[PDB]
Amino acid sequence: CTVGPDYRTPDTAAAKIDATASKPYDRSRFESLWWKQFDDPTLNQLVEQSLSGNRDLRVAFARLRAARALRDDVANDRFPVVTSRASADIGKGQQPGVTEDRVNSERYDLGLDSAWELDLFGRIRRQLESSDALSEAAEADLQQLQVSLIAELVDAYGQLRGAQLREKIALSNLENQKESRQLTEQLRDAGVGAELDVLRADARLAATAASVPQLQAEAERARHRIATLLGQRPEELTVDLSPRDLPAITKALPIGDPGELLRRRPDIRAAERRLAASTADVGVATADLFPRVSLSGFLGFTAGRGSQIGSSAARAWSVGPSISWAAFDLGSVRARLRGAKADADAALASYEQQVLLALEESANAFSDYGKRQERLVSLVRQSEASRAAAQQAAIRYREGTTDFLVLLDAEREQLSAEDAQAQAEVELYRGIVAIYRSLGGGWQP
C-alpha cells in the first residue's frame, strides 16, 4: 500500500511553430553550444569563465547539494531509528495507590531505543518520492540558470559591440560634419558664405559630439555587467574587450525540431518535478486517513539500584507496538488532505503557465527574428541612398548650386540611417540569443 494518486507526467502536446519551416532556419540539427556559431573566440572565452566564476550559478549548485541532503535524511525513515540513552529518575514523595508515606524512588536505564513507523500505507514512501522529485527540480533550476546566464552574457556582449559600433559611426560622421563646418567658414571668410550656415553647422557638430560619451557610457556599463556575470570585479577583467565587429551567423540557424523545446527547457522540467512532488505530498496526507502502525523498542539495562547497570541481573528488553487512528478527529485529517490537494492544483496550473510562457517566448523570438531580417534589408538601402545623397549634396554646396540646409539635412539623415542600421544589426544578434534561450540551449542539451 502506497495510498494516494500515482503521479503521471501531463500529456503535454509538442510545441508547434510553423514560421520555422522557412529559409532562415535549419530544423535538421540543433547546436547545444549555440554561441560558438558566432565564431568569436573572445565570446567563447567569456562564456567559459562565466561557467567557473559566476556566483549565482554557484548558489544554485549549493542549493542542489542542500536538496540532496534533505532527501538523504528522509530516506532513513524507511528503517528503524536506533539511538542510545542513559537516564535516571530519582526522587522522594508519596506514591498514590501504594502508600502515603514519603519514600525514595530510584530507576536507572542504559541502552538502545528503537522507533519504527511501519510504512504500511506508504506515508514514508510518498515523502521520499516527494523529496526525490524536489531534488531533481533543483537540478533543473540549476540548468535553467545556466541557460539564462549564457543568454544574458552573450546578449550583453552584443550590447557592448553595439555601443562600440555606434561610437565608431558617430565619430565617422563627426569628421564629415567637421569638414562641412570648415567649408561653411571658408566660404563665409571668402565673402561667398554666411554666418547662418556656420552656426547651423556648429550646432549639428555639437549634437553629434554629444552622442559620443553617451555611447561610451553604455559600452562601460556593458563591460561592467560582463565582469559581474564572470564573477569578476570591474577592474579585474581578464578578457580583453577592445572593439571588434558585431558577430554574425552566415548559415541557416540550426534550431532542430521546435517540437522538442518543451522537453529541452529546464524550467519546464523543474516545474514538472515540483508538480510530481506536490502530487506525492497528496499521498502523504492521504495516508493519515488510515491507521498508523509504530513499533517502539528498548534493549539494554534497567535497575532500581544504579550499581547493577551493566550486569546480567539488570538486562532488559521491551517492545511497544502501537496502532493509532484519528477516529473522531478525521475532520482535521481531511482538512489537511484538502490543503495538499489545493497545493497540487496550484502546482499543475503553475506548470501549465510555464508551458504557456515558454511557447509565448519562442513564438515571439521567431516572429521578431523574421521581421528583423526584413527590416534590415530596408535599413541597408536607406544607408546606401543617404550616403550617396550626402556626397552629392556636399559637392553641390561647395560649388554654389545648393543651399546649406540641403547638405545639413542630408548629413543628419546619413547619421540617422547609419546609426539605425547598426541598432538593427544589434537587434538581430539579440534576436538570435532570444531564439536559443527560448529553445533551452546551453545546459548540455
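Numbers for residues come from their place in the sequence shown, where the first is 1.
Of 406-414 and 28-36, which one has the bigger average CA B-factor? Mean B over CA atoms: larger for 28-36.
Higher-B stretch (mean Cα B-factor, as the entry records it), 152-160 or 310-318: Averaging CA B-factors over each stretch, the winner is 310-318.
Specify which of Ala15, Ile432, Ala21, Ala424 carries the largest Cα B factor in the deposited PDB entry. Across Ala15, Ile432, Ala21, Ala424, the entry lists the biggest C-alpha B-factor for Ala21.
From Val103, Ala133, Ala190, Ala346, can you pick the one with the highest C-alpha B factor in the entry? That would be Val103, according to the entry.
Where does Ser378 sit by CA temperature factor within its chain: lowest, middle or highest third? Lowest third - that is where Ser378 ends up once the chain's C-alpha B-factors are sorted.
Could you look up the Cα B-factor of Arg55 in the entry and say which third of the chain it sits in: lowest, middle or highest? As the PDB entry reports it, the C-alpha B-factor of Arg55 lands in the lowest third of its chain.
Would the CA B-factor of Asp329 place it in the lowest, middle or highest third of its chain? Answer is highest: the recorded C-alpha B-factor places it there.
Considering only modelled residues of the same chain, in which third does the CA B-factor of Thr228 rank: lowest, middle or highest? CA B-factor rank for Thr228: lowest third.
Position of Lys251 among the chain's modelled residues by C-alpha B-factor, lowest, middle or highest third: Highest third - that is where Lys251 ends up once the chain's C-alpha B-factors are sorted.
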